[PDB]
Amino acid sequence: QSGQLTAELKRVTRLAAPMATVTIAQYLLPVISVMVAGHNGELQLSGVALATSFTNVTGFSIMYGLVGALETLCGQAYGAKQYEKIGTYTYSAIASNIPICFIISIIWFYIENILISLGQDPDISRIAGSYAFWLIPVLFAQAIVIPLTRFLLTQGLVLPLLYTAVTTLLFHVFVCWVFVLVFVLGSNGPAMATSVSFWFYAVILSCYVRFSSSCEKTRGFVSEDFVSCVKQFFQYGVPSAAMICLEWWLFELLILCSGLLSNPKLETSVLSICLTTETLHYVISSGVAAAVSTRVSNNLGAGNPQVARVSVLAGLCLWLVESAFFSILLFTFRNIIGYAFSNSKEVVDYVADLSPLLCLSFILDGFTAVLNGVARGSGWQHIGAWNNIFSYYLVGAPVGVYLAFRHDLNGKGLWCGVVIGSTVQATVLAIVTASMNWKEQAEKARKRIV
């Protein structure tokens, strides 16, 4: 019980701290692209931003979201010591990612035409389509990279994941410098640089997995298990992708809706601050979520339902410390933190007025991240996808648009809808996790990976 929790707290933390740093590096890479570019003109900035929003919505959200299937399959397979199937699951995921990358590439070919038909400036549209075209190799590199990241994570190999992720980040800073400053490749420079970095990420990961002693038992695949693994990859990858797509889409929709409020420059700038602050906090809870998913899937696959419950409890301990830390820290500098993003007194005062709501977002996002990690580790990501629709699009979006436009709350009203949607999401997640039959979920894990 108490020693149960202490041992599981140790293992959850041993995975959460490196994975939190991994997520930091993940989200720092696009920020480095924007910073090294340091774009001078509105035409370039808008076109690149449109390419980023389009490629994230239609492509990158799916690529990252699909490997939640590997969090279920490879995690439970590692728990049952079904080590050969881990590599079969991983390589079935890579092979399945190839046609999806082709579909997304075809869509990205039409980004200029689609944006023009959507009433956007033709120069902006061409710049966006060109940037996205040079982001296409990132898709095929991620077809290897992302499944390999779960290949290492599900086995508890978070240190090589952290090493290669940070090494890729520093490599990306270098190639951004050479492409933007030395080669002077222009607006497409960072996009081309990203394609190089992720392919570099692809080779070092593939090199480690191929040659390390840690991956000797789990590397390789079984031919007669390929088709079945592909089936399961889609079975749990389709909802896992939907969960991420609905989270990223809502982010984009928030910014889009802020452009329709009065004084849209003020409301969009301030909403950009709330979003940046939200993701800045979410990298930590993402590391906790990855640790909870790994330990939940491992213990379920190992036939230990009780320690799986304890894994959720240990992750909730990390959530309470982490969320209380960032909430109180933000509330302390609520009247000051705005000056870290803008020199306008109006923007800083606005962010100061929203900071309590952002603190509530910290608590909820950390809680829902942990419980969504339980979903990915157990196998009911479909509940999480339908919960994302119900919480944010059926409840959060109508209430937020209402308060923003009706009660003249503007961006505060939009974030009020975010807070309410996150509240009902946490409530559903808490009810489904408290009513879970852990012995059956372990039995379902044993059958899922045989």
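In case it trips you up, residue 1 is the first one in the sequence shown, and so on.
Is the mean CA B factor in the deposited entry higher across 389-397 or across 33-41? Comparing 389-397 with 33-41, the higher average CA B-factor belongs to 33-41.
Residue stretch of maximal mean CA temperature factor, 205-213 vs 218-226: The recorded data point to 218-226.
According to the Cα B-factor stored in this entry, which of the following is highest: 90, 164, 258, 332? Result of the comparison over 90, 164, 258, 332: 258.
Select one of 232, 168, 344, 76: the residue whose C-alpha shows the highest B-factor in the crystal structure entry. The record points to 344.
Taking the entry's C-alpha B-factors for this chain, is residue 305 in the lowest, middle or highest third? For residue 305, whose C-alpha B-factor we compare with every modelled residue in the chain, the answer is the highest third.
What third of the chain does residue 48 rank in for C-alpha temperature factor, lowest, middle or highest? For residue 48, whose C-alpha B-factor we compare with every modelled residue in the chain, the answer is the middle third.
Sorting the chain's CA B-factors, does residue 96 end up in the lowest, middle or highest third? Its C-alpha B-factor belongs to the lowest third of this chain's values.
Split the chain's modelled residues into thirds by Cα B-factor; is residue 126 in the lowest, middle or highest one? CA B-factor rank for residue 126: middle third.
Which third of the chain does residue 262 land in by C-alpha B-factor: lowest, middle or highest? For residue 262, the deposited C-alpha B-factor lands in the highest third.
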